[PDB]
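Considered here are two forms of the same protein chain, supplied as structure tokens in two stand-alone entries, structure 1 and structure 2.
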Structure 1
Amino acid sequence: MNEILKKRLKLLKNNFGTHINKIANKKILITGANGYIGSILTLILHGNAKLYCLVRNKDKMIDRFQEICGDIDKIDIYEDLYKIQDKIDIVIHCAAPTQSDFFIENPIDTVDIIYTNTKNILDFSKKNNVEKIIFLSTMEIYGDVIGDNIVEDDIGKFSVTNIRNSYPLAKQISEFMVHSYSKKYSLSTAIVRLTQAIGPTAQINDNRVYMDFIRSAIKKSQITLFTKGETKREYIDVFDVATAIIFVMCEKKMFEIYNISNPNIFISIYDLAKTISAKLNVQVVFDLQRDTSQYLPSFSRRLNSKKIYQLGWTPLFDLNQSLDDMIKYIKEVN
């Protein structure tokens, strides 16, 4: 646990400590600081910068932060955006609902939360004279655009009658706002679009596919696929997402959109079940007669990631170490 994390932290600081210290003593606010990516950014940066962490619930941000070996006292945790009086130089907006079920069960809320939080955070930044804001977005913004070498100018098309579009539509409008604040008020903004993050400190209560697999293998000595498992995507280790964001934080550029993916990790859902079954000594069963309306249709997509590689970033964590480090940290917690 301390093993896994400490290694990585030293790996990051070995390879990139140059860049990480272009934000020494920068005043940095992270929204959703309690979530998967939020935490690890907080973890990586709080020694080397003043960190403000905006979260839904301070107490569990405290539990979570010292589970991942953090220094409670080197971060200021707010629950209310308007109590943050200090001047922020960099905002990293990471807050959003993450579960597939919530997107189809509460599509209105999904939109309202994401839309309102984006609006508020943009107000805040422009009023607080922020130097840069980074907005986490999603590969789901590409919609019907399938296949390889998808570039940040490709544009998805979205039906207003498909409930599950709650999530992309919400991130789409947020992006549009983000770019519009940049062009109206010459405020530097970046949008970063993730595939799906994996790796240590993922929680067993997550229902995104990687953890549905790990958790089914452990708790039911079985992994069940509700589809044929032909969806093919790239994955990335959460620390590789953090580092990518850091490289983007250091860039002077009034506006840019960056895909974030590890292109070496391209694999199908089925192939992902198999690897995880092998690592956890379990078998893979199908069951294709359940309701799957929270899920996306079958597709394949690779993201052109030329921009983050041009900044000098590289991914440190292949699929194996990411899975192993993820699995190990779930065992070691329960």
Structure 2
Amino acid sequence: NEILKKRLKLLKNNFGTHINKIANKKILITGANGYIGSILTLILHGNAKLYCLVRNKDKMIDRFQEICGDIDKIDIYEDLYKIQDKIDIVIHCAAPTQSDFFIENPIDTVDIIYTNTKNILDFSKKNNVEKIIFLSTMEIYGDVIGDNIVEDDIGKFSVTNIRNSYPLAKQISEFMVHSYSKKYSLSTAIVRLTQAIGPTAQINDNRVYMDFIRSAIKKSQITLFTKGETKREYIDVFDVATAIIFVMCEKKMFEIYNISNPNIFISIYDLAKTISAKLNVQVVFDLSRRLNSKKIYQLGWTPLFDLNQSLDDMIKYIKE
């Protein structure tokens, strides 16, 4: 409770004037039971009227109660076509996010993401939504290398590499989003996220940082199967949520934003080291690319959570 409360209070202090340009907007969040979707719901519910599209209502209640949210101030739907009230802003978070799924089920990866993007843009256009935010991925930059990748950079994709299911589905989605904006004057923004971290992540999450946390707790040891020199950007999930909120507030027909914390670029080894020290174990061995996130800074956004707080909060949160 206290971890989340301290975070809700810090956000409001730094940016409450912004969260305010959002008072009583009707906000639809798809994939709202998900990591990012649920943190957005938490932050915005009450101060606005929150509609949550999810595959399973009960799963939504359980997640929302766990992270200390008032279910009586969210309207949970399972069927887009039952939402009858007017909607001001849509945040589309719904997607399959398991890497395994991308290679095991590349057909459905494409079909699911394509179909949902289509359905939500159709819904948005028909409903004369004020703005739709589409959550995308740094995987859209594909091959591109550099320490300063801008939104106008563009990956290439082999059609015969099945792991491209997810980036190719997000690319076609992005194209549809821009298209609805140019054709119909529907306000849209795309946000390309690095990789979210911080409290409310679960022990079973298939991400390297959580593999390290799990392995330190269960095996009292973290094993690296390479030298771990690859560097990766991370950003606290609350700082993702606040960035999306800033984008929501910008009146602009079309825009693309990289969302990352440019202070966090860490090697896998260094990540393993700090996690191990935090859990009183050791790293043992058994034998890149950075986005420019300057654009988002121009809205007045800043990230509040550094890697160390994000890890402490995430670990402490799991333990309790």
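Numbers given to residues start at 1 and step along the sequence of structure 1. For the two forms, the rigid core is made up of the largest set of C-alpha atoms that agree within 1.5 Å on superposition.
Measuring CA movement between structures 1 and 2 with the rigid core aligned, the set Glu230, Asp123, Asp112, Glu131 has one residue at 2 Å or more: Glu230. With the core superposed, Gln283 shows a C-alpha displacement of at least 2 Å between structures 1 and 2. A C-alpha shift of 2.0 Å is found for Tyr270 between structures 1 and 2, based on superposition of the rigid core. Core superposition places the Cα of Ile218 1.4 Å apart between structures 1 and 2.
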